[PDB]
Structures are given as structure tokens and as C-alpha cells.
Amino acid sequence: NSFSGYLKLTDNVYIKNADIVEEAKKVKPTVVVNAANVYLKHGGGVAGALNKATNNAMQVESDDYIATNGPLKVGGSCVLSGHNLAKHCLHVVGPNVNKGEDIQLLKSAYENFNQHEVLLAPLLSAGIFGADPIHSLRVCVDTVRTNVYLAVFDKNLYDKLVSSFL
Ligand SMILES: C[C@H](C(=O)O)[C@@H](NC(=O)c1ncnc2[nH]ccc12)c1ccc(Br)cc1
């Protein structure tokens, strides 16, 4: 957990303009968060990038978890191996509001982070999940009580967030 170059937004929320895969290789944190779907099919975005960095080990492991346990629920999570990126990967399902899933479940999704003292994470429900990313950061700030280091890829988005928060 040797995080460098973050800007502290609140007592427990830190933000950096970085690729979460590169952050994970440099820091080797105890927990890396994946912005997952209910079947753990890591097709693109953050999920696809983390899976690609494990050379598909995360997808083979996720397929076995689904065959044995069934899909997650929206707002839920599971802990699996972090392979070469972290000790553990916390796979969290935020709502896809573009498909009618309730925005209130974004608070439930962020509550999963409180089960871990320190996490490296992306924003949840952003991009194709359709939530406004500045709203997602507000829910994170209001809900997460443990120490979370957020990696934001898009520099234009990072600047808007730092402008609205700090
Ligand atoms: C909009 C946001 C961002 O630019 O930070 C974006 N993040 C990313 O894809 C992202 N963030 C950090 N490291 C990364 N490496 C490769 C991808 C990537 C995102 C889209 C959809 C969801 Br659901 C959640 C986050």
C-alpha cells in the first residue's frame, strides 16, 4: 500500500489521475476493486483492463466462482484473488442506470468498501453504467469510511472532480 501522488479530498478519500493497473503493479495493495457485472464477465473498461493484466487468470477464477455460487446481486460484492495485482480483488456491482437499475444501489455498492481498511479503486457506475461521475464521487465520500485511493483514468474528468471537491 505505498501510494504516491494522491490528492487528499476528505479524511479518508484520496484521488489520482492514473491507470488502476499501473497503480496496482507499483503498490501491490491488499485490495484492488473491480467495477464488475453480476456474472463477473470482464468484457471491457476497468474489468477488462484488470483481467488483461492477470493474462485471463481473473476471468478463469471468476467463471469457477459463478459456477459454484451463482451471480452477484446489484449493490453486492465478492472477494477473489488479486493474482499479480493485489492480495485480493473486491468485485463490486454498481447499478447500470442506463438499464433501469436504481441509483440508490450506488450507496449499497460503495458500502462494500467498508469491509476493508485500505483499498485501491475506480469510480463506480461511471461511463456505460450511465451515472454522473461527479455524483458517484459524492456518494463515495458520503458512504465510504475506510481509506480509499481512487484511480481516475480520464484527465478531463479528474480535473472536473478536483474542481468540484477541493
Ligand atoms: C470514467 C472513469 C475514469 O476515467 O476514471 C472510468 N475509469 C476507467 O475506465 C479506468 N479507471 C482507472 N484505471 C483504468 N485502467 C483502464 C481503465 C481504467 C470508468 C468507467 C466505467 C466505470 Br463502471 C467505472 C469507471
# chains A, B, ... in the order shown; residues from 1 in each chain; ligands from 1
>>> residues_near_ligand(ligand="ligand 1", cutoff="7 Å", atoms="only C-alpha atoms and all ligand atoms", output="PyMOL selection string")
chain A and resi 18-21+35+45-46+49+122-129+133+151-154+157
>>> write_last_selection(atoms="N, CA and C atoms", output="tab-separated table (two decimals), in the first residue's frame")
chain	number	residue	atom	x	y	z
A	18	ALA	N	-4.59	8.32	-12.75
A	18	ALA	CA	-3.70	7.19	-13.00
A	18	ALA	C	-4.50	6.04	-13.60
A	19	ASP	N	-3.77	5.10	-14.23
A	19	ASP	CA	-4.39	3.84	-14.72
A	19	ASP	C	-4.34	2.90	-13.46
A	20	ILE	N	-5.50	2.34	-13.01
A	20	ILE	CA	-5.52	1.47	-11.83
A	20	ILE	C	-4.57	0.23	-11.98
A	21	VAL	N	-4.37	-0.27	-13.21
A	21	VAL	CA	-3.47	-1.42	-13.44
A	21	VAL	C	-2.05	-1.03	-13.11
A	35	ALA	N	-14.82	-2.88	-11.03
A	35	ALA	CA	-16.20	-2.41	-11.27
A	35	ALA	C	-16.80	-3.53	-12.12
A	45	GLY	N	-13.53	-1.91	-20.31
A	45	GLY	CA	-13.37	-0.94	-19.24
A	45	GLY	C	-12.36	-1.37	-18.19
A	46	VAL	N	-12.62	-1.01	-16.90
A	46	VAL	CA	-11.77	-1.35	-15.76
A	46	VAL	C	-11.68	-2.85	-15.65
A	49	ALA	N	-9.45	-4.37	-18.30
A	49	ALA	CA	-8.05	-3.98	-18.11
A	49	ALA	C	-7.41	-4.78	-16.98
A	122	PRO	N	-11.56	2.19	-8.63
A	122	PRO	CA	-12.05	3.16	-9.59
A	122	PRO	C	-13.36	3.77	-9.06
A	123	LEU	N	-13.86	4.77	-9.81
A	123	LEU	CA	-15.22	5.27	-9.50
A	123	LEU	C	-16.22	4.19	-9.94
A	124	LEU	N	-17.34	4.05	-9.24
A	124	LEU	CA	-18.35	3.06	-9.64
A	124	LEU	C	-19.48	3.70	-10.47
A	125	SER	N	-20.09	2.88	-11.32
A	125	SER	CA	-21.24	3.21	-12.15
A	125	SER	C	-20.96	4.34	-13.16
A	126	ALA	N	-19.70	4.72	-13.35
A	126	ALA	CA	-19.37	5.77	-14.35
A	126	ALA	C	-19.40	5.17	-15.82
A	127	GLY	N	-19.12	6.00	-16.85
A	127	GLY	CA	-19.13	5.54	-18.24
A	127	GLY	C	-20.42	4.91	-18.71
A	128	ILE	N	-20.34	3.70	-19.32
A	128	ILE	CA	-21.50	2.96	-19.88
A	128	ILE	C	-22.51	2.49	-18.82
A	129	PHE	N	-22.14	2.53	-17.52
A	129	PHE	CA	-23.13	2.24	-16.48
A	129	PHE	C	-24.11	3.46	-16.33
A	133	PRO	N	-20.35	10.83	-13.08
A	133	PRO	CA	-19.15	10.52	-12.26
A	133	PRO	C	-18.94	11.43	-11.07
A	151	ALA	N	-8.30	5.79	-8.44
A	151	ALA	CA	-7.51	6.00	-9.64
A	151	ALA	C	-8.50	6.40	-10.77
A	152	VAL	N	-8.38	7.66	-11.30
A	152	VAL	CA	-9.26	8.18	-12.34
A	152	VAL	C	-8.45	8.29	-13.64
A	153	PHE	N	-8.89	7.59	-14.66
A	153	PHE	CA	-8.10	7.49	-15.88
A	153	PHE	C	-8.14	8.75	-16.73
A	154	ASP	N	-9.34	9.27	-16.99
A	154	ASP	CA	-9.54	10.43	-17.87
A	154	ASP	C	-9.09	11.70	-17.17
A	157	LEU	N	-11.86	14.35	-16.76
A	157	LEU	CA	-12.76	14.04	-15.64
A	157	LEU	C	-12.08	14.33	-14.30
>>> select_by_dssp(residues="chain A", states="helix (DSSP H, G or I)", output="ChimeraX atom specification")
/A:20-27,45-53,57-69,97-99,105-115,127-129,133-143,155-165
>>> closest_residue(among="A:70, A:82, A:5, A:29", to="residue 51 in chain A", atoms="only C-alpha atoms")
A:82
>>> residues_around(residues="residue 146 in chain A", least_positions_apart="2", cutoff="9 Å", atoms="only C-alpha atoms", output="ChimeraX atom specification")
/A:12-13,113-119,144,148
>>> write_last_selection(atoms="N, CA and C atoms", output="short mmCIF file (atom, residue, chain, number, x, y, z; two decimals), in the first residue's frame")
data_model
loop_
_atom_site.label_atom_id
_atom_site.label_comp_id
_atom_site.auth_asym_id
_atom_site.auth_seq_id
_atom_site.Cartn_x
_atom_site.Cartn_y
_atom_site.Cartn_z
N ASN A 12 -10.66 10.43 4.55
CA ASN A 12 -10.41 9.08 4.12
C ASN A 12 -10.50 8.83 2.59
N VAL A 13 -10.67 9.88 1.77
CA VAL A 13 -10.77 9.67 0.30
C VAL A 13 -9.63 10.43 -0.39
N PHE A 113 -17.02 -1.35 0.33
CA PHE A 113 -15.66 -0.94 0.57
C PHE A 113 -15.37 -0.91 2.09
N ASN A 114 -16.40 -0.69 2.92
CA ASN A 114 -16.15 -0.58 4.38
C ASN A 114 -15.69 -1.86 5.06
N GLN A 115 -15.79 -2.99 4.37
CA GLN A 115 -15.30 -4.24 4.91
C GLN A 115 -13.74 -4.35 4.82
N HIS A 116 -13.04 -3.33 4.25
CA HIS A 116 -11.59 -3.41 4.03
C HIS A 116 -10.95 -2.11 4.48
N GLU A 117 -9.86 -2.19 5.25
CA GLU A 117 -9.27 -0.97 5.81
C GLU A 117 -8.69 -0.01 4.77
N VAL A 118 -8.09 -0.58 3.72
CA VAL A 118 -7.44 0.24 2.67
C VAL A 118 -7.79 -0.40 1.33
N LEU A 119 -8.18 0.40 0.33
CA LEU A 119 -8.48 -0.15 -1.00
C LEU A 119 -7.98 0.79 -2.06
N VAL A 144 -18.20 5.79 2.13
CA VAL A 144 -17.01 5.05 2.50
C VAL A 144 -16.36 5.67 3.72
N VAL A 148 -9.74 4.98 1.06
CA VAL A 148 -9.85 4.59 -0.35
C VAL A 148 -9.07 5.53 -1.23
#
>>> select_by_dssp(residues="range 2-162 of chain A", states="strand (DSSP E)", output="number ranges by chain")
A: 7-8, 13-17, 31-35, 77-81, 88-92, 118-121, 147-152
>>> write_last_selection(atoms="N, CA and C atoms", output="mmCIF file, in the first residue's frame")
data_model
loop_
_atom_site.group_PDB
_atom_site.id
_atom_site.type_symbol
_atom_site.label_atom_id
_atom_site.label_comp_id
_atom_site.auth_asym_id
_atom_site.auth_seq_id
_atom_site.Cartn_x
_atom_site.Cartn_y
_atom_site.Cartn_z
ATOM 1 N N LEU A 7 -4.031 13.222 -4.113
ATOM 2 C CA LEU A 7 -4.538 14.458 -3.520
ATOM 3 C C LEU A 7 -5.623 14.021 -2.505
ATOM 4 N N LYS A 8 -5.492 14.458 -1.266
ATOM 5 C CA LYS A 8 -6.429 14.100 -0.219
ATOM 6 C C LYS A 8 -7.687 14.973 -0.309
ATOM 7 N N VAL A 13 -10.670 9.879 1.767
ATOM 8 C CA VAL A 13 -10.773 9.669 0.299
ATOM 9 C C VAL A 13 -9.628 10.425 -0.393
ATOM 10 N N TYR A 14 -8.795 9.696 -1.201
ATOM 11 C CA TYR A 14 -7.624 10.235 -1.907
ATOM 12 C C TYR A 14 -7.870 10.007 -3.405
ATOM 13 N N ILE A 15 -7.382 10.906 -4.284
ATOM 14 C CA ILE A 15 -7.630 10.743 -5.719
ATOM 15 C C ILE A 15 -6.349 11.023 -6.536
ATOM 16 N N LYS A 16 -6.169 10.291 -7.636
ATOM 17 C CA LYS A 16 -5.015 10.448 -8.504
ATOM 18 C C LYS A 16 -5.456 10.215 -9.944
ATOM 19 N N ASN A 17 -4.805 10.915 -10.885
ATOM 20 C CA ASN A 17 -5.070 10.672 -12.309
ATOM 21 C C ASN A 17 -4.099 9.554 -12.657
ATOM 22 N N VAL A 31 -5.984 -4.743 -1.304
ATOM 23 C CA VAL A 31 -7.253 -4.880 -2.041
ATOM 24 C C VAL A 31 -7.324 -3.935 -3.230
ATOM 25 N N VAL A 32 -7.666 -4.507 -4.424
ATOM 26 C CA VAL A 32 -7.949 -3.730 -5.622
ATOM 27 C C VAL A 32 -9.421 -3.967 -5.948
ATOM 28 N N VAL A 33 -10.167 -2.874 -6.219
ATOM 29 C CA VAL A 33 -11.587 -3.016 -6.520
ATOM 30 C C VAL A 33 -11.797 -3.133 -8.007
ATOM 31 N N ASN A 34 -12.683 -4.088 -8.414
ATOM 32 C CA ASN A 34 -13.092 -4.208 -9.797
ATOM 33 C C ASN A 34 -14.545 -3.661 -9.960
ATOM 34 N N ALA A 35 -14.817 -2.876 -11.026
ATOM 35 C CA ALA A 35 -16.197 -2.407 -11.267
ATOM 36 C C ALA A 35 -16.804 -3.534 -12.116
ATOM 37 N N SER A 77 -21.095 -7.745 -3.681
ATOM 38 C CA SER A 77 -19.691 -7.977 -3.972
ATOM 39 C C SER A 77 -19.234 -9.381 -3.582
ATOM 40 N N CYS A 78 -18.061 -9.745 -4.051
ATOM 41 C CA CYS A 78 -17.361 -10.923 -3.620
ATOM 42 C C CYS A 78 -15.867 -10.632 -3.603
ATOM 43 N N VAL A 79 -15.132 -11.360 -2.749
ATOM 44 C CA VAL A 79 -13.677 -11.255 -2.674
ATOM 45 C C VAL A 79 -13.067 -12.471 -3.337
ATOM 46 N N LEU A 80 -12.207 -12.224 -4.306
ATOM 47 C CA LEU A 80 -11.470 -13.281 -5.002
ATOM 48 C C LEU A 80 -9.970 -12.938 -4.991
ATOM 49 N N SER A 81 -9.113 -13.769 -5.615
ATOM 50 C CA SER A 81 -7.666 -13.485 -5.598
ATOM 51 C C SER A 81 -7.374 -12.220 -6.406
ATOM 52 N N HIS A 88 -5.919 -9.336 -2.836
ATOM 53 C CA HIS A 88 -7.312 -9.671 -3.136
ATOM 54 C C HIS A 88 -7.913 -8.712 -4.156
ATOM 55 N N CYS A 89 -8.932 -9.206 -4.897
ATOM 56 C CA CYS A 89 -9.743 -8.341 -5.735
ATOM 57 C C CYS A 89 -11.178 -8.350 -5.159
ATOM 58 N N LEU A 90 -11.669 -7.151 -4.824
ATOM 59 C CA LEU A 90 -13.049 -6.975 -4.360
ATOM 60 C C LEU A 90 -13.871 -6.611 -5.600
ATOM 61 N N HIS A 91 -14.666 -7.564 -6.092
ATOM 62 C CA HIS A 91 -15.505 -7.312 -7.270
ATOM 63 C C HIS A 91 -16.834 -6.721 -6.793
ATOM 64 N N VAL A 92 -17.140 -5.478 -7.191
ATOM 65 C CA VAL A 92 -18.350 -4.757 -6.733
ATOM 66 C C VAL A 92 -19.238 -4.395 -7.879
ATOM 67 N N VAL A 118 -8.087 -0.576 3.715
ATOM 68 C CA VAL A 118 -7.440 0.240 2.672
ATOM 69 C C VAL A 118 -7.789 -0.403 1.326
ATOM 70 N N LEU A 119 -8.183 0.395 0.329
ATOM 71 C CA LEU A 119 -8.484 -0.145 -0.996
ATOM 72 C C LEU A 119 -7.980 0.793 -2.062
ATOM 73 N N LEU A 120 -7.648 0.230 -3.237
ATOM 74 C CA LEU A 120 -7.323 0.966 -4.469
ATOM 75 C C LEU A 120 -8.548 0.705 -5.356
ATOM 76 N N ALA A 121 -9.180 1.761 -5.851
ATOM 77 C CA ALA A 121 -10.469 1.585 -6.539
ATOM 78 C C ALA A 121 -10.660 2.553 -7.694
ATOM 79 N N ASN A 147 -10.212 3.787 4.174
ATOM 80 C CA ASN A 147 -9.272 4.579 3.405
ATOM 81 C C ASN A 147 -9.285 4.113 1.954
ATOM 82 N N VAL A 148 -9.736 4.977 1.061
ATOM 83 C CA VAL A 148 -9.849 4.593 -0.346
ATOM 84 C C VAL A 148 -9.073 5.530 -1.234
ATOM 85 N N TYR A 149 -8.262 4.927 -2.118
ATOM 86 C CA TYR A 149 -7.395 5.595 -3.060
ATOM 87 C C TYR A 149 -7.982 5.358 -4.436
ATOM 88 N N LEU A 150 -8.531 6.451 -5.009
ATOM 89 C CA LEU A 150 -9.246 6.336 -6.262
ATOM 90 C C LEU A 150 -8.310 6.666 -7.418
ATOM 91 N N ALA A 151 -8.305 5.788 -8.438
ATOM 92 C CA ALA A 151 -7.515 5.998 -9.642
ATOM 93 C C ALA A 151 -8.502 6.398 -10.767
ATOM 94 N N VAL A 152 -8.377 7.658 -11.300
ATOM 95 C CA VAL A 152 -9.263 8.183 -12.343
ATOM 96 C C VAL A 152 -8.451 8.292 -13.636
#
>>> residues_around(residues="residue 102 in chain A", least_positions_apart="3", cutoff="12 Å", atoms="only C-alpha atoms", output="PyMOL selection string")
chain A and resi 74-75+94-99+105-109+125+129-131
>>> write_last_selection(atoms="N, CA and C atoms", output="JSON list (two decimals), in the first residue's frame")
[["chain", "number", "residue", "atom", "x", "y", "z"],
["A", 74, "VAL", "N", -27.04, -6.74, -7.74],
["A", 74, "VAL", "CA", -26.63, -5.33, -7.94],
["A", 74, "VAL", "C", -26.51, -4.68, -6.55],
["A", 75, "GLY", "N", -25.38, -4.03, -6.29],
["A", 75, "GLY", "CA", -25.10, -3.50, -4.97],
["A", 75, "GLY", "C", -24.24, -4.44, -4.12],
["A", 94, "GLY", "N", -21.96, -1.99, -9.17],
["A", 94, "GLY", "CA", -22.77, -0.77, -9.09],
["A", 94, "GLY", "C", -23.97, -0.88, -10.05],
["A", 95, "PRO", "N", -25.00, -0.03, -9.89],
["A", 95, "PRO", "CA", -26.15, -0.12, -10.80],
["A", 95, "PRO", "C", -25.81, 0.41, -12.17],
["A", 96, "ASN", "N", -26.44, -0.21, -13.15],
["A", 96, "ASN", "CA", -26.33, 0.28, -14.51],
["A", 96, "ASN", "C", -27.65, 1.06, -14.65],
["A", 97, "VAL", "N", -27.61, 2.39, -14.43],
["A", 97, "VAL", "CA", -28.84, 3.21, -14.51],
["A", 97, "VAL", "C", -29.36, 3.35, -15.93],
["A", 98, "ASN", "N", -28.50, 3.11, -16.94],
["A", 98, "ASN", "CA", -28.94, 3.14, -18.33],
["A", 98, "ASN", "C", -29.90, 1.96, -18.62],
["A", 99, "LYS", "N", -29.87, 0.89, -17.78],
["A", 99, "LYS", "CA", -30.76, -0.25, -17.89],
["A", 99, "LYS", "C", -31.83, -0.31, -16.80],
["A", 105, "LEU", "N", -28.89, 2.11, -5.31],
["A", 105, "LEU", "CA", -27.99, 0.98, -5.14],
["A", 105, "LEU", "C", -26.51, 1.37, -5.25],
["A", 106, "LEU", "N", -26.20, 2.60, -5.72],
["A", 106, "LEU", "CA", -24.81, 3.03, -5.78],
["A", 106, "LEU", "C", -24.29, 3.21, -4.32],
["A", 107, "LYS", "N", -25.14, 3.63, -3.37],
["A", 107, "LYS", "CA", -24.74, 3.68, -1.95],
["A", 107, "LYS", "C", -24.44, 2.24, -1.45],
["A", 108, "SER", "N", -25.33, 1.25, -1.75],
["A", 108, "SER", "CA", -25.07, -0.13, -1.34],
["A", 108, "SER", "C", -23.77, -0.66, -1.93],
["A", 109, "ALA", "N", -23.48, -0.31, -3.20],
["A", 109, "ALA", "CA", -22.25, -0.78, -3.83],
["A", 109, "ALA", "C", -21.01, -0.23, -3.07],
["A", 125, "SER", "N", -20.09, 2.88, -11.32],
["A", 125, "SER", "CA", -21.24, 3.21, -12.15],
["A", 125, "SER", "C", -20.96, 4.34, -13.16],
["A", 129, "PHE", "N", -22.14, 2.53, -17.52],
["A", 129, "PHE", "CA", -23.13, 2.24, -16.48],
["A", 129, "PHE", "C", -24.11, 3.46, -16.33],
["A", 130, "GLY", "N", -23.72, 4.61, -16.88],
["A", 130, "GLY", "CA", -24.55, 5.79, -17.01],
["A", 130, "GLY", "C", -24.71, 6.77, -15.88],
["A", 131, "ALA", "N", -24.08, 6.52, -14.70],
["A", 131, "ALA", "CA", -24.21, 7.50, -13.61],
["A", 131, "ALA", "C", -23.28, 8.67, -13.85]]
>>> closest_residue(among="A:93, A:1, A:23, A:83", to="residue 39 in chain A", atoms="only C-alpha atoms")
A:93
